[PDB]
Each structure stands twice: as structure tokens, then as C-alpha cells.
């Protein structure tokens, strides 16, 4: 299933910075209001809840920058071609968040619930309204879709 990753508080979406169909390794993931095919994602299940968040246009996947098992708070989120266990996430569509395998979550950098376009995303352990995400149809940004298959 292809989906948009929608920041719940702002309605902005997860994007590769610059909107490339082929972002370079370590391109930052940002929040931006635009909708286009280069911000579509899919989820590739690896182990039950855990899997890779794949940028459809390029096939690169979401990573914490540097590929640590337990990235510290404020580590940037990026795209990278590599597949390994430090690129595992769970798409928690019940609590509305995205959790890295090390137990922290994807956040807007600095915690704003209404961040401007091109705000970077980071890892952070906190849970609050401004780190919530929902996973929606490319054809209807208000319609949740099931990312697991």
C-alpha cells in the first residue's frame, strides 16, 4: 500500500528535502505541505511490526543518520539505500506514531506542532501530540490506509 506520512498536528507530510525522485544518501527528511509522487511511501515488513519505511520514487528507506541501534535524541532522520536492523521502524497506527527499533520516535525538530515547511525531523524519546503521525491515501489525505501487508 502506498501512503502519505501526515504529521497529525500540522497536516504537513514527510518529504525528502528538495523533493527528489532520487535523493542522495543521507538526504534529510523534512515536513512540507506539498503533495507529489516524491513524498509517497510504502512499508516493507521485515519482522511482525518491524519494517522499512521506503521512499517509493527512489527505493531508499528511512534511517537515523549514522545508523545507530540507539540513536540519541535529536539525531536527524534521513533517507539511505542501506538495509540493516537500524533502519527498522514500527508504524503505530493505534497510538499514531512512528517508532524506531531503539524505542524512540520520529519528531519535528524542536517540537513545534505547527512547524514551517522544510522543518527537519529527528529521533526523540518523548511522546506528545506534536510527534503524532497518521498514514493516509495519496488520493485522499484525510483517509487513513492500512500500511501493513
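Positions refer to the first chain, counted from 1.
Looking at 49, 55, 101, 80, which has the highest CA B-factor as recorded? Top of the list by C-alpha B-factor: 101.
Going by the CA temperature factor in the entry, name the top one among 90, 69, 61, 31. Each of 90, 69, 61, 31 was compared by C-alpha B-factor; the highest is 69.
Name the third of the chain's ranked CA B-factors that contains residue 149, choosing lowest, middle or highest. For residue 149, whose C-alpha B-factor we compare with every modelled residue in the chain, the answer is the highest third.
Comparing against every modelled residue in the chain, figure out the third that the C-alpha B-factor of residue 44 lands in (lowest, middle or highest). Ranked within chain, residue 44 CA B lands in the middle tercile.
What third of its chain, lowest, middle or highest, does the C-alpha temperature factor of residue 108 fall into? Answer is lowest: the recorded C-alpha B-factor places it there.
Just say lowest, middle or highest third for the CA B-factor of residue 121 relative to the other modelled residues in its chain. Within its chain, residue 121 is a lowest-third residue by C-alpha B-factor, going by the deposited values.
Grab the CA temperature factor for residue 114 from the record and place it in the lowest, middle or highest third of its chain. For residue 114, the deposited C-alpha B-factor lands in the highest third.
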